[PDB]
Student: 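Sharing a structure, written as structure tokens. Questions coming.
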Amino acid sequence: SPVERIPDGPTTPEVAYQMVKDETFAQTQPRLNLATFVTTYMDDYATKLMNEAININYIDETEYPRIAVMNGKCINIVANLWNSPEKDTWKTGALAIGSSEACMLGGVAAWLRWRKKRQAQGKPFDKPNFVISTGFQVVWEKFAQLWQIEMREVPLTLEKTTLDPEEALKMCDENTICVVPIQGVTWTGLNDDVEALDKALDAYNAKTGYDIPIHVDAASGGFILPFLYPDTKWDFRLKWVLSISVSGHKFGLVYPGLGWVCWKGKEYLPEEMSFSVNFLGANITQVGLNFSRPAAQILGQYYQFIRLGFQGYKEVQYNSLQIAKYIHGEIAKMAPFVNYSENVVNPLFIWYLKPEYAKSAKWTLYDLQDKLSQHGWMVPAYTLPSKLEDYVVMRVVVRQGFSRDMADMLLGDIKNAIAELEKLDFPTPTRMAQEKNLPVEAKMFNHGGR
Amino acid sequence: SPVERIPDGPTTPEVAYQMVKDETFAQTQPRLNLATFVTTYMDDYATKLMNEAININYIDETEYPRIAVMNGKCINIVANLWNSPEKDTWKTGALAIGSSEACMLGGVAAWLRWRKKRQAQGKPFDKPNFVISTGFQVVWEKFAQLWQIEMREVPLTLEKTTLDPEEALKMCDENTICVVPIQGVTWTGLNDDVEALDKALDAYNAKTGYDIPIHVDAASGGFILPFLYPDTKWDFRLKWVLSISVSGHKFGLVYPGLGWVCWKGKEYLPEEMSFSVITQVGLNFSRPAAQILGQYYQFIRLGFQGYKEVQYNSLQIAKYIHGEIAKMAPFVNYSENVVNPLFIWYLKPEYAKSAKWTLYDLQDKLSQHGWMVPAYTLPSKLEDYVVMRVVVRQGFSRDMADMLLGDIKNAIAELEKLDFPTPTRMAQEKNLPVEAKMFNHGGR
Amino acid sequence: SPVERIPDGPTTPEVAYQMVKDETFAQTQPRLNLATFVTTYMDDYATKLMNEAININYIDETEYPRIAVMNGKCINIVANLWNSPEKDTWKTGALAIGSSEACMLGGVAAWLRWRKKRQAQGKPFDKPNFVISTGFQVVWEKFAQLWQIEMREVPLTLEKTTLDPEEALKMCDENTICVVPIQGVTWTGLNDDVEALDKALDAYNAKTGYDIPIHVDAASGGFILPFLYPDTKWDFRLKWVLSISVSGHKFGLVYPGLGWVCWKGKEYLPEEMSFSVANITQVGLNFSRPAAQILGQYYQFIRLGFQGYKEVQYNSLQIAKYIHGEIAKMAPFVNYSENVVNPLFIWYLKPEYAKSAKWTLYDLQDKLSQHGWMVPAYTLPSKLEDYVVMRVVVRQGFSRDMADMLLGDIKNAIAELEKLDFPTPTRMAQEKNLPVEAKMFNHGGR
Amino acid sequence: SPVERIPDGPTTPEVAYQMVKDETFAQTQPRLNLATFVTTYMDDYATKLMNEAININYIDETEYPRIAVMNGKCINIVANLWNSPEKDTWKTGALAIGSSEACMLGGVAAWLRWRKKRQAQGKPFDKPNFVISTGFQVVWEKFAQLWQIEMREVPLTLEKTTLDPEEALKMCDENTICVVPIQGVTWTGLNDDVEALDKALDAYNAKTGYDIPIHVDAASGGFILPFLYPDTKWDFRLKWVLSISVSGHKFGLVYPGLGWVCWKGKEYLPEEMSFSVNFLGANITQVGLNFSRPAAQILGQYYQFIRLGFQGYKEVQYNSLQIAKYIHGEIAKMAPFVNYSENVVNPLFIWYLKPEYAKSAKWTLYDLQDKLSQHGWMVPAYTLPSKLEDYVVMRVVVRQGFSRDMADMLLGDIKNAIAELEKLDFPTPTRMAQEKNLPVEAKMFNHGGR
Ligand SMILES: *Cc1c(COP(=O)(O)O)cnc(C)c1O
Ligand SMILES: *Cc1c(COP(=O)(O)O)cnc(C)c1O
Ligand SMILES: *Cc1c(COP(=O)(O)O)cnc(C)c1O
Ligand SMILES: *Cc1c(COP(=O)(O)O)cnc(C)c1O
């Protein structure tokens with residue numbers, strides 16, 4: 001099996017197929033993987049649709065003109081789900097491979113709008129920055145490094161478990177390109193209060209004239225809030241929310257390879273970033289980092305919109321949230337645990353050990369992670385971001401297909417693991433590491449990217 | 001079919017399936033599409049492999065630890081195909097969705113290396129630029145716009161049909177982050193002479209101290225040159241070639257969604273861009289893993305000889321069409337050499353003066369028989385030349401080439417019977433632009 | 001790839017598969033082919049049914065006795081759709097590969113009935129003829145040549161856009177074996193008025209005693225009229241309609257390979273043509289043939305029923321009416337008929353517009369081909385040979401959205417053609433009074 | 001269970017699928033069906049090829065231009081297999097649904113050529129006839145009835161087991177349109193001696209000037225003789241053989257729906273029957289009774305030509321013929337049986353009861369047929385055509401896939417059946433029918449059609 005160089009000659013297809021097969025099987029049962037956000041199941045019709053589109057190159061507008069139009073209609077639907085006030089029927093948005101590229105497009109657009117303002121004012125524009133919670137996902141560090149834009153982080157505390165508007169404004173100045181609240185903080189599952197941030201930013205912008213906008217990183221929540229919390233003002237209903245991004249392959253219910261970013265209107269997307277055509281009466285604007293890319297995920301997204309509709313999406317996310325609330329409530333009743341938040345607003349949540357319990361416990365949540373691994377679960381344990389770095393938490397994500405029976409299966413295994421861990425005569429290795437104030441490698445993938 | 005808003009209720013899967021089906025069929029027969037570069041066929045085993053990996057998230061290293069390793073082995077293979085001198089077994093490279101993201105990573109790395117030099121020297125670093133031929137593909141304009149880096153374009157002429165080293169150095173200065181020669185220029189099919197650029201850049205860098213490097217945009221040629229022109233020094237064998245990018249889904253023979261970028265060594269990838277656990281570089285996080293399996297399948301199934309046979313057959317059929325086009329009275333080829341499985345031709349100047357038609361009329365004639373053969377004008381200083389381009393991908397047989405040549409001869413016979421000039425023929429005399437219409441992958 | 005002789009040795013199956021694959025792909029997108037009448041889509045269950053029956057030989061009645069019965073039940077259903085008055089449970093009909101063989105069986109039956117009468121009367125029977133509109137499909141020319149029967153053609157005019165009964169009777173005589181009205185004229189989409197022909201034929205046959213019958217070529221309309229025009233008397237409700245034929249693979253909604261012919265009763269099928277054995281009469285030109293199309297037809301009857309067939313043809317006719325109405329609103333065009341009775345229709349250029357235009361409908365065809373459409377243009381049959389027309393067929397699956405896509409491309413093409421400085425090649429051919437080669441397949445067969 | 005009228009409303013597809021399924025299953029095991037000539041197996045690639053082509057209408061030459069060419073290349077290959085002397089690259093032939101339509105096209109062509117001669121001579125042309133063996137298949141009677149052409153039959157005898165040339169000539173006159181020898185007589189498996197008929201016809205035509213030609217009905221033998229008997233002169237090498245027809249779906253090894261007819265040259269196909277076109281440099285002459293028809297069978301035939309080649313076809317028919325000779329030899333060794341012929345030249349043959357044995361036997365070959373039916377076999381018994389109507393024969397056809405093991409399985413059941421029938425105390429019903437001269441219903445399909 002070639003490690004360094006290409007084989008000199010060919011091998012038969014049957015042998016090559018097995019050789020690749022032998023390195024691509026899952027390490028554990030994916031249905032017991034509670035660490036990932038990403039969709040792993042679509043129905044037979046969606047899968048057949050996307051498998052047959054494996055050879056469709058999305059960028060060829062002459063061969064597949066109506067797939068370009070269908071991309072524009074998905075953008076319309078997402079933008080109207082987020083209550084875009086734009087008057088054109090064809091809304092301003094871009095397809096992406098994930099929230100990663102969608103966030104960067106939002107950040108680049110905010111940066112170019114800021115450069116244009118400061119130039120028109122005669123102010124310097126060489127040291128831009130943006131403001132974000134320490135609970136950011138790694139893509140914002142990629143954005144900071146690849147564009148050389150300073151990242152200013154607002155710490156989490158037990159009194160301010162999400163981005164606090166007052167503390168975010170203390171880090172803003174004439175060089176701030178935007179503030180980034182997160183809907184579905186990957187580390188905590190909570191939503192930054194966008195409406196409170198908008199209220200604070202409006203008063204701050206009138207006092208300063210800096211006109212600092214908001215980009216909402218809604219990788220998870222972007223497909224939860226419109227269906228379950230329609231009255232929560234977090235989107236384009238707010239004055240300073242100029243762009244929003246989301247992962248289509250997390251709670252949009254599509255196989256990996258899908259993200260969306262929308263802008264409040266065409267005038268918040270700088271001219272440098274877009275090229276526009278008129279393909280079959282539509283208004284198709286071309287934005288993005290890629291050229292050639294697979295088109296299958298567009299078909300999957302459009303299939304889901306038609307197959308589920310608003311009510312269909314609402315029932316799926318509702319069932320995920322109910323089972324999450326159920327696990328969240330049962331965890332709270334167990335002596336060792338306390339929840340990070342009393343509210344479950346996305347189908348994920350975190351808990352940690354009560355301080356008084358951890359003091360005398362001979363185990364840590366890393367040992368609980370290992371106990372569950374022995375039964376096939378992936379339930380990640382990790383430390384929280386800055387100012388809460390001493391808190392080891394455990395996170396459960398409830399995706400579509402995770403039934404009430406499987407939730408009782410998980411709670412049964414947690415109770416049995418606690419019964420073993422509580423009878424330990426001596427501290428575990430990770431328990432002693434905490435006593436010595438030595439870091440513990442997180443090991444298990446948790447989507448944070450850190 | 002919802003245009004603006006999500007439907008309120010659900011519809012049965014069978015109905016929703018047909019509704020999407022009714023909007024995803026090709027407008028023409030893809031096997032007659034000679035405009036596209038991208039692979040459209042893999043064998044049944046590769047297709048089954050990639051279809052089963054539709055639900056595999058590549059970034060989950062706990063669930064699929066060996067797919068991360070398999071990605072690293074593909075990088076080793078590509079980097080060793082390009083004669084990387086790095087001594088570590090695990091070469092420095094990145095998976096990408098295409099040449100687009102791979103080129104940007106190369107450009108961003110060059111920009112960060114340049115910023116690091118100029119800071120350590122006390123020189124300004126706010127007005128970077130890079131040098132490229134006017135035959136660039138649209139991703140380099142995106143790179144210029146999205147990072148606000150000045151693009152300096154070297155024009156094409158009939159004496160310098162590719163990037164000329166002497167003219168490229170006339171646009172370099174202390175603010176130039178790199179020079180980008182292209183292997184497989186999308187508009188012409190030719191290769192910029194990288195070795196001559198390296199020979200010139202070494203003399204210029206010794207005289208100035210600017211240390212301007214080379215990034216090779218080898219989207220097409222990156223999977224052609226190692227197999228058919230092994231003795232052509234264009235890759236990491238050259239002193240100043242620090243990074244190379246390629247499209248895996250063009251002549252790497254993989255379904256759409258694959259690109260590669262490699263660096264000469266770990267020390268040319270800035271610290272800001274990479275962390276190692278296997279180095280994690282790139283613009284994406286979650287992404288489909290199917291294309292990694294497809295590439296690795298092809299490396300094992302074909303090997304060096306298998307890849308060589310596939311690219312050889314493509315190049316031979318291209319040379320065959322190229323040779324038959326040259327024998328027809330209206331046509332003259334842009335180059336006497338076919339080095340990638342694509343080439344362009346135009347109307348002989350003496351013939352065009354009295355002809356009642358243009359190559360746009362030939363394009364329409366071929367469209368009426370189902371072909372997609374694009375016609376367009378060349379980039380700067382050759383903007384007056386309307387050319388036609390044919391790309392020969394795997395599966396385009398000798399029989400289909402004669403089918404194409406037969407239809408070209410039949411169309412020429414029709415166009416020569418014209419009583420009056422065509423609309424586009426009058427457009428040329430009036431000096432009015434003609435909308436290109438047909439996708440040609442240039443992206444302008 | 002062998003052109004003249006068989007290869008000497010074998011090639012591996014995978015290579016041979018690709019070699020054949022490389023010559024069987026469509027030249028254009030079939031979903032944009034508006035020229036063809038023939039079904040190209042059945043649902044997954046029908047397709048699985050017919051694919052699994054690929055190896056069933058219909059003629060082996062010992063191995064597949066219930067497929068023979070199922071063929072007889074399809075004949076019953078079609079014959080009852082056409083209001084056959086036959087009293088036997090098992091109606092008289094024949095499976096065919098298409099309307100081609102079904103029409104010939106009807107014509108041969110008419111010819112043998114005519115020979116038998118003239119023998120019993122002592123009159124000659126060596127110079128038979130039949131009467132048909134000039135809008136006939138090529139199978140009737142095959143029939144005329146292969147049986148050496150004179151074809152007498154009734155011309156189309158702008159006053160007589162279909163078969164006119166009075167002019168058809170002027171071509172009848174003691175040697176006429178039948179008159180052939182067409183339901184779904186391939187060139188125009190209209191229906192010959194069968195009831196008027198029966199009304200005229202009844203008076204003519206009483207005055208002469210010739211007893212000239214009717215065979216209805218209903219290749220398209222045979223699966224349209226019973227569902228959308230139940231009160232139109234065109235079938236076995238009429239005295240002189242003795243046989244009817246139809247294409248199962250056009251608007252019967254079955255994959256290629258299916259046609260039906262029915263007779264009003266057993267006594268109108270000559271003894272020479274039938275052998276009987278559930279009652280099963282063995283009529284037809286073939287012996288061994290694929291059985292898949294029988295299963296497909298029977299599936300559609302069960303899956304759709306009367307209401308289901310009615311909805312499918314209703315949507316096709318509605319979309320046809322919609323395109324027909326939008327074409328009429330465009331300045332260059334005028335419709336051949338104000339009524340759309342089958343899911344197809346034709347239009348041509350207004351005479352005043354065409355006289356000064358630089359383009360013809362052949363140029364519009366080329367414009368649409370450049371966008372992937374197949375929309376055929378051709379000249380009409382005799383007395384209307386000067387008229388270039390364009391035809392659209394609306395088959396199952398052609399949606400309202402695709403109809404607007406087509407109308408958008410027609411409007412854009414007209415805007416392009418109206419910018420021409422000089423006449424096109426086909427426009428000059430008209431000025432030179434020279435014919436233009438038809439080029440695009442239009443199902444007429446000429 | 002609709003019998004007479006169409007159902008009023010729709011039913012779900014799953015139910016309709018089962019409803020049709022319940023009426024299309026074979027009455028017996030098709031692999032034990034030795035009565036049929038028609039192919040029931042192609043390999044997986046051919047089957048996928050033809051299943052995917054179920055929706056291709058062969059006649060639409062604008063949509064599928066090269067399938068028309070591919071049809072012309074199959075005609076070239078078959079015509080060159082039969083040693084056509086035509087010099088044009090594109091040979092004169094027609095696709096057919098089977099030998100039925102291919103034979104009729106040959107007969108109609110002979111009839112129109114004959115009408116043309118008699119007109120040019122001033123002789124009558126109103127009472128045509130043709131000459132054929134009584135072992136004809138039913139298509140020739142259809143031809144006689146549907147075109148009102150007199151059929152003149154040459155009887156079979158024990159001295160003349162095939163068409164005798166001299167006795168066929170005794171039925172010729174100025175009104176004979178052609179003589180039809182059969183290669184693979186459905187009732188006997190033998191080949192009419194075409195070369196001897198040509199020798200007689202040439203002498204007869206020189207004495208009379210009637211110019212009576214030959215059409216060879218080679219439904220079975222047309223795909224056997226060129227591969228196993230290359231030196232047998234039976235085809236276009238003979239002066240008076242002007243047309244030949246064959247069944248592609250019998251020993252051409254294609255699923256049902258394929259026949260071919262070829263003419264010696266363009267001048268023997270009358271102008272009234274053909275319309276020629278030129279596509280991709282190919283004279284595509286369109287002749288035939290059908291218009292729209294399935295194209296799948298064309299692809300299958302061309303696949304077989306490429307996949308098998310000459311040697312591949314030769315090996316397949318060789319194994320079929322070898323197994324046929326093996327069964328033929330074993331039947332001859334059994335006491336009750338005598339073979340109709342000592343030579344097996346097609347993969348089928350017939351035998352009957354020895355006259356001396358039948359005289360005292362209590363059973364007939366109809367009882368042997370019933371014995372084998374009780375074990376699942378279909379082995380037909382029937383009486384021979386005229387002058388041999390007193391002989392009940394049994395026929396075995398050996399198609400591809402019928403292995404040596406299955407042949408011994410068949411011979412084992414025949415030996416056991418003979419042992420059972422020889423223990424009979426009393427004559428069977430069919431044995432008494434023979435003595436009482438009462439006809440016995442044939443019942444079982446034997447492909448003769450009469
Ligand atoms: C073909 C080509 C590309 C391809 O980009 P994708 O992202 O793979 O579509 C990039 N750059 C150049 C110069 C090319 O010629
Ligand atoms: C989950 C998440 C993402 C997802 O990025 P992908 O490219 O879709 O993998 C991005 N940002 C944040 C803050 C997230 O929580
Ligand atoms: C077997 C045979 C046929 C076959 O006819 P199909 O139409 O292919 O079923 C025709 N004629 C003769 C003499 C045969 O023996
Ligand atoms: C359409 C049509 C046919 C169809 O013949 P097939 O054999 O089914 O292709 C026959 N006759 C007429 C008049 C038609 O319009």
Side-chain angles (χ1 to χ4, degrees), chain A residues 37-38 57 59 96-103 135-140 180 182-187 217-221 245-250 256 258-259 290-293 447-449, chain B residues 37-38 57 59 96-103 135-140 180 182-187 217-221 245-250 256 258-259 284-287 441-443, chain C residues 37-38 96-103 132 135-140 180 182-187 217-220 245-250 256-259 443-445, chain D residues 57 59 289-293:
Chain A
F37 293 67
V38 172
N57 181 20
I59 207 60
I97 276 292
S99 253
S100 181
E101 161 189 7
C103 287
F136 64 90
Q137 206 268 351
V138 76
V139 299
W140 291 107
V180 184
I182 303 155
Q183 305 295 273
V185 176
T186 126
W187 310 89
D217 179 353
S220 290
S245 51
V246 71
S247 276
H249 52 217
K250 288 182 169 191
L258 184 62
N290 308 294
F291 200 68
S292 303
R293 67 150 283 163
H447 200 73
Chain B
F37 292 67
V38 172
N57 181 20
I59 209 60
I97 276 292
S99 276
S100 181
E101 161 188 7
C103 287
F136 64 91
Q137 205 266 351
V138 76
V139 299
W140 291 106
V180 184
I182 302 154
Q183 304 295 273
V185 176
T186 315
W187 312 88
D217 180 352
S220 289
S245 51
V246 70
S247 276
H249 51 217
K250 291 182 169 191
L258 184 62
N284 307 294
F285 200 68
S286 303
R287 67 150 283 162
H441 201 73
Chain C
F37 293 67
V38 173
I97 277 292
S99 277
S100 182
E101 161 188 7
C103 287
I132 194 165
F136 63 89
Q137 206 268 351
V138 75
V139 299
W140 292 106
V180 184
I182 303 154
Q183 304 295 273
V185 177
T186 301
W187 313 88
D217 179 353
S220 289
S245 51
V246 71
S247 276
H249 53 217
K250 288 182 168 191
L258 184 62
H443 202 74
Chain D
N57 181 20
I59 209 61
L289 299 176
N290 308 294
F291 200 68
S292 303
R293 67 151 284 162

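Letters A, B, ... are given to chains in the order of the sequence lines, protein chains preceding strands, and every chain is numbered from 1. Side-chain atoms are counted along with the backbone in the values below, which use heavy atoms only and exclude waters and symmetry mates. All ligand and atom numbering here is 1-based and tracks the order in the structure.
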Student: Answer yes or no: is there a side-chain heavy-atom contact under 4.5 Å between A:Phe37 and A:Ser247?
Tutor: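 No - every pair of side-chain heavy atoms lies 4.5 Å or more apart.
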Student: Between ligand 4 and the protein, find all N/O pairs closer than 3.5 Å and give the distance for each.
Tutor:
| from | atom 1 | to | atom 2 | distance (Å) |
| --- | --- | --- | --- | --- |
| ligand 4 | 5 (O) | C:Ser100 | N | 3.4 |
| ligand 4 | 7 (O) | C:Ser99 | N | 3.3 |
| ligand 4 | 7 (O) | C:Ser100 | N | 2.8 |
| ligand 4 | 8 (O) | C:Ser99 | N | 2.8 |
| ligand 4 | 8 (O) | C:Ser247 | OG | 2.8 |
| ligand 4 | 8 (O) | C:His249 | NE2 | 2.8 |
| ligand 4 | 9 (O) | D:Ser292 | N | 2.7 |
| ligand 4 | 9 (O) | D:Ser292 | OG | 2.6 |
| ligand 4 | 11 (N) | C:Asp217 | OD2 | 3.2 |
| ligand 4 | 15 (O) | C:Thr186 | OG1 | 2.5 |

Student: Kindly indicate whether the side chain of D:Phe291, heavy atoms from C-beta on, has any atom under 4.5 Å from the side chain of C:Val138.
Tutor: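 Side chain of D:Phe291 against side chain of C:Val138, heavy atoms only: contact under 4.5 Å found.
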Student: Could you go through B:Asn284 and B:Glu101, starting from their C-alpha distance and side-chain angles, then the distance that decides it, and tell me whether this counts as side-chain contact (heavy atoms from CB on, under 4.5 Å)?
Tutor: CA-CA 9 Å; B:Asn284 307 294; B:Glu101 161 188 7; 2.9 Å; yes
Student: Are any of the side-chain heavy atoms of C:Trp140 and C:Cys103 separated by less than 4.5 Å?
Tutor: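 Yes, at least one pair of side-chain atoms sits under 4.5 Å.
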Student: So, for C:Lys250 and C:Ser220, which heavy atoms are closest and what is the spacing to 0.1 Å?
Tutor: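 Distance-wise, the nearest heavy atoms are CD-OG, 3.9 Å.
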Student: Please lay out, stage by stage, how C:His443 and D:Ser292 fare under the test side-chain contact (heavy atoms from CB on, under 4.5 Å).
Tutor: CA-CA 9 Å; C:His443 202 74; D:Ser292 303; 3.4 Å; yes
